[PDB]
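Heads up: the sequence lines are chains C, B and A, in that order.
Those letters in the first sequence? Residues 20 to 274, 284 to 339, by the entry's author numbering.
Those letters in the second sequence? Residues 20 to 274, 284 to 339, by the entry's author numbering.
Those letters in the third sequence? Residues 20 to 274, 284 to 339, by the entry's author numbering.
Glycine included, each C-beta is placed from N, C-alpha and C at the ideal position.
Just below is one structure, and these are the notes that go with it.
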Amino acid sequence: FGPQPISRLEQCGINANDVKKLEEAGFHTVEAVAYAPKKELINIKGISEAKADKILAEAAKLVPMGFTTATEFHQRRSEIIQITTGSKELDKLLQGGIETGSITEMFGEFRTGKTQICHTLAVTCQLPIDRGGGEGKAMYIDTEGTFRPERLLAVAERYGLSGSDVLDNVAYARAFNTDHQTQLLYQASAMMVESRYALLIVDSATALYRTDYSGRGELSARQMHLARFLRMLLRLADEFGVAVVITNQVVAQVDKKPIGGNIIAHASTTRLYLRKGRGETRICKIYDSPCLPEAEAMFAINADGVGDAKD
Amino acid sequence: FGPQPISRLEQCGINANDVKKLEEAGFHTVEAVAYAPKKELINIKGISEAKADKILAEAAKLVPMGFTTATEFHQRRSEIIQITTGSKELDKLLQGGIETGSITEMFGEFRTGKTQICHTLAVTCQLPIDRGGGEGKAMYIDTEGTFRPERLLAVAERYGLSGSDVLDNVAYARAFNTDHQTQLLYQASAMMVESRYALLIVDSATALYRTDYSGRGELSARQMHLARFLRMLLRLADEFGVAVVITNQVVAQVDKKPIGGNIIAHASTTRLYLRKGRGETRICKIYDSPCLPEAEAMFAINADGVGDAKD
Amino acid sequence: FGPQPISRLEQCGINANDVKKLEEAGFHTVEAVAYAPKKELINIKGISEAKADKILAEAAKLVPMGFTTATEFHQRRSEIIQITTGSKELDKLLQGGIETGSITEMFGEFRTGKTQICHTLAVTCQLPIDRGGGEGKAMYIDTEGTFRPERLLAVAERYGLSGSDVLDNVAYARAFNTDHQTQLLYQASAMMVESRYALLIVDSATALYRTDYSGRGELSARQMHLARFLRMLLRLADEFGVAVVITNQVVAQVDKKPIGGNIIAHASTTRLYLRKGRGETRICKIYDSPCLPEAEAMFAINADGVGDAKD
Ligand SMILES: Nc1ncnc2c1ncn2[C@@H]1O[C@H](COP(=O)(O)OP(=O)(O)NP(=O)(O)O)[C@@H](O)[C@H]1O
Ligand SMILES: Nc1ncnc2c1ncn2[C@@H]1O[C@H](COP(=O)(O)OP(=O)(O)NP(=O)(O)O)[C@@H](O)[C@H]1O
Ligand SMILES: Nc1ncnc2c1ncn2[C@@H]1O[C@H](COP(=O)(O)OP(=O)(O)NP(=O)(O)O)[C@@H](O)[C@H]1O
């Protein structure tokens, strides 16, 4: 029920031809269709004045904000679900868990468990609201080929759900390059129209972007392309309130650091760092998150997935 | 009491039809209606000569400057309120605080606390004049979705005010694109007609402008659009004397820098830089401000908001 | 004593009605009334032949040049006062200072100190001729709202003058748009009739002109309007010999530059560039000035105003 469909903005100014171009353009709702600047709609082989009428009409009949106090907004935030991670110590750290209708991503070294957390979340989101993760199908865009359904099965056994049913409600595709990476998101937006989603794990979203192209010159272009990809996610984030989790790679300071420069920085509504401890033990620390201060946690990696310190 | 309303410029040349177009055009006062060039009024389906009469009539009965010495002006500046930041060290830096009827904005890296300062100011402005921040409702245009009423509650507890009352006097809306960004300002101007305002925090005003469009070609257009947005703010700044605070993003030099190019530069009646120090500690330094020289400060981020170096 | 009044051109052809229109037209002298071509006077609801008689009469009794050698003119240039800047290094650069009965303007980046220099000059012009700046009241048209009387007080303390008296002899108004910008100049011309003036700082004269209107189309109009504004200044420059200083904004080359195209180019009787150096230090360099070739200078910004390199 979360969004209002495109076929709803059919007041008296949605003809066949009019709405024959908006869907194909990549608009499968009224929200993301309003959210768009005159700039957007005009660049899609429409008529200047015809397209302008389309905007104003929909906008009046979509609640396009206009200083709606703060008390009312405060209540809005109380209704937002927070997904459980499976570790009590990790849950405590997030004062509940991973926020929806936001951007939340972790980076660390290889072996640290960023890929791990994603698999665990893919299952934990397939539960009753009362048991943390609220009902809603999970989508996984992997870029590393590090998807392992077997890992999901072990998590399903811990939480005592039918593996086969859980795997029906997690959806997968592999993005293989930058242009594909962006392109895949348009398919994503269509997917969440038909059925209610809760979760995105985009495995290594930004990690592809380093091998992708350039290096040090015509990187301007990379930052532009990433920023464009990232704004789309955020569009997708407020439109439906699906929870965006991105995986990140790191680079040494050489004079230990989340890659992609700053563009990813300003995007992040919540940041996390992983590093390896002794044996199976691992450390998560918050980096940048508006809500709660910087804090550390012990947790471990069990055969059941991401759990508390077995010791 | 700060402005004179549109229905005041009703001497003998404000008919129904005459004043039926000025409001809808985006004029909710006599100040901003005078401040306008013949250019402005003429571009709004009015009559050349009819509109010209409207200008001259209002202008004579609005004190449209004309070399009113400097001693008189000096006294005017003594009457301007300076908002407190909550950190004594930070307050000292601004020889009182954030000037009203101006443009004051900070930029830094992610995690630095630009968003932080905004939330803190949103509360500090809801106080008696004697306790720094003068009485007058706060308006928050966010673009990042980094608004957290919870953060405001912690600040309210420190200063011992009713959270619920404070949240009634802070107003919120999210701008989602360039055209929306500008559009939202027209609603803003109407808002401050009905009730007395003190504060604007526009979170990431300029930060939206990078993902917004183009890059390196047809950027001319971006600068034009930003400059237009920025002049409107300034219009709003002298008209009512509401205090404008803008958040900014940064870009690496690649051969560390406030984005949007120079257009934002000339706008700024006061500039600030934030960077991260060791632990919870942070550094603010002044950049460009006509009044006081370049100086540095230690401050920290407490659970109460932006405070002094706990140490 | 600098000009001859309008009521002086009352030989035998200045009636009530005749001189009832020239003042209101914007003529408060014989100089600017003579400099005007037939075109001017005829466009102000006068009689063709009546207005023609008005021209010829005044012209005969105003010394309207007529190829007056070179040697005599050379002596005229020796009598022109040159205002001090307060920095010995900066003074040396101008072989004395800012020429009067001319157009002298600086541009640079934000933070560079163009606004700074203006404030400093506003005080330095309130002195005995022997101490640089010659006696005569200062007028400041600001467009940015970057006027700070406090800055003038610090300068007054250095030069040991009564702040209150100095502020009585600096006059201020804010121009808020193009039409206002031009309009304000007519009030200016009247101001200098009653009392002897020395100085104009027009803060950001041209800087308003970019946000003002258009962009890339119907810019021909901007050029026309600026050129008209600029010619008026020059009229004001030869008429009274009041010293015109204009502030300018800059634009990136995008393939660092004084804004407003070429029209400002030909106007400039002397040009200056500012850029930031290390710490409080700044560099001024001459651009285009007929008199002395291109040279560079170190100077600094002290709490006393614009001074020499403290080091
Ligand atoms: N079934 C399992 N039970 C317990 N531990 C496991 C299991 N499978 C793998 N591990 C270990 O748990 C750790 C998890 O980190 P891992 O998620 O593999 O890092 P990562 O995020 O994949 N790095 P990248 O390869 O760049 O994506 C590894 O060090 C593995 O050896
Ligand atoms: N309740 C709290 N008490 C103390 N510290 C906090 C609290 N909440 C968050 N923090 C931390 O304080 C810092 C504030 O910086 P922050 O305001 O989040 O940067 P920012 O301006 O939001 N960057 P952006 O995400 O681009 O808008 C962060 O590094 C947080 O970890
Ligand atoms: N009282 C003071 N003493 C010493 N330095 C100061 C003082 N006040 C301001 N400054 C600094 O001196 C510099 C002067 O430049 P400034 O005149 O502010 O540039 P500008 O011409 O105003 N640019 P714009 O904002 O476009 O008009 C700034 O970088 C200030 O931080």
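What three-state label does DSSP hand residue i in the structure shown?
i      : result
A/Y54  : helix
C/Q145 : coil
C/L253 : helix
B/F20  : coil
A/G45  : helix
B/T165 : coil
B/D316 : coil
C/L113 : coil
C/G127 : strand
B/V269 : strand
In angstroms with no decimal places, state the Cα-to-Cα distance between residue i and residue j.
i      : j      : result
A/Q94  : A/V185 : 32 Å
A/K156 : A/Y216 : 5 Å
B/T266 : B/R247 : 18 Å
B/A256 : C/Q145 : 51 Å
B/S214 : B/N188 : 10 Å
C/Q114 : C/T225 : 27 Å
C/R96  : B/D161 : 15 Å
A/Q23  : A/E91  : 21 Å
A/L109 : A/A323 : 10 Å
B/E42  : C/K80  : 22 Å
A/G260 : B/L60  : 37 Å
B/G116 : B/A89  : 24 Å
A/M125 : A/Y232 : 23 Å
A/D332 : A/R177 : 6 Å
A/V82  : A/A295 : 25 Å
B/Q135 : B/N330 : 10 Å
A/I66  : B/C31  : 33 Å
C/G289 : A/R150 : 56 Å
A/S183 : C/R241 : 58 Å
B/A190 : C/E98  : 20 Å
A/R250 : B/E308 : 58 Å
C/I291 : B/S223 : 13 Å
Cutting at 7 Å between CB atoms, please list the residues of its own chain near residue i, excluding the five before and the five after it.
i      : result
C/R229 : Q268, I287
Below 8 Å CB to CB, which residues in the same chain sit around residue i once its five sequence neighbours on both sides are set aside?
i      : result
C/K107 : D336
A/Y54  : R254, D257, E258
A/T143 : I102, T103, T104, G105, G151, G152, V174, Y178
B/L227 : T162, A194, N196, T197, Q200
C/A141 : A157, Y159, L171, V174, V189, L218, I220
C/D72  : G32
B/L300 : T123, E124, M125, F126, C312, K313, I314, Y315
Find the residues of chain B that neighbour residue i, judging by a C-beta separation of less than 9 Å, and give them in chain order.
i      : result
C/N290 : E128, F129, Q268, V269, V270, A271
A/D222 : The contacting residues do not exist; A/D222 stays about 11 Å from chain B at best.
C/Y315 : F129, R130
What is the C-beta distance between residue i and residue j, in whole angstroms, given that I count them as a contact (C-beta under 8 Å)?
i      : j      : result
C/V263 : C/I122 : 5 Å
B/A194 : B/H47  : Wrong, their Cβ atoms sit about 20 Å apart, outside the cutoff.
A/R130 : B/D274 : Not a contact, Cβ separation roughly 19 Å.
A/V49  : A/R27  : 6 Å
C/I100 : C/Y159 : Their Cβ separation, rounded to whole angstroms, is 19 Å, which puts C/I100 and C/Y159 out of contact at 8 Å.
C/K64  : C/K40  : 7 Å
A/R310 : A/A328 : 7 Å
A/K133 : A/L302 : 6 Å
Give the residues of chain A in contact with residue i, contact being defined as C-beta atoms less than 8 Å apart.
i     : result
B/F92 : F166, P168, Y191
In chain order, what residues of the same chain lie with their CB nearer than 6 Å to the CB of residue i, ignoring the 5 residues before and after it?
i      : result
A/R170 : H138
A/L238 : none
Strictly below 7 Å CB to CB, what residues from chain B border residue i?
i      : result
A/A226 : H294
C/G260 : Correct list: empty, because the minimum Cβ distance to chain B is about 11 Å.
A/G335 : Correct list: empty, because the minimum Cβ distance to chain B is about 13 Å.
Return yes when at least one heavy atom of ligand 5 lies under 7 Å from the C-beta of residue i, else no.
i      : result
C/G288 : Ligands present in the displayed structure are limited to ligand 1, ligand 2 and ligand 3, and ligand 5 is not among them.
Using a cut-off of 7 Å between C-beta atoms, extract the partners of residue i located in chain A.
i     : result
B/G45 : Going along chain A, no residue has its Cβ under 7 Å from B/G45, so there is no contact; the nearest lies around 15 Å.
So with CB distances below 8 Å, who are the chain B contacts of residue i?
i      : result
C/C137 : Going along chain B, no residue has its Cβ under 8 Å from C/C137, so there is no contact; the nearest lies around 22 Å.
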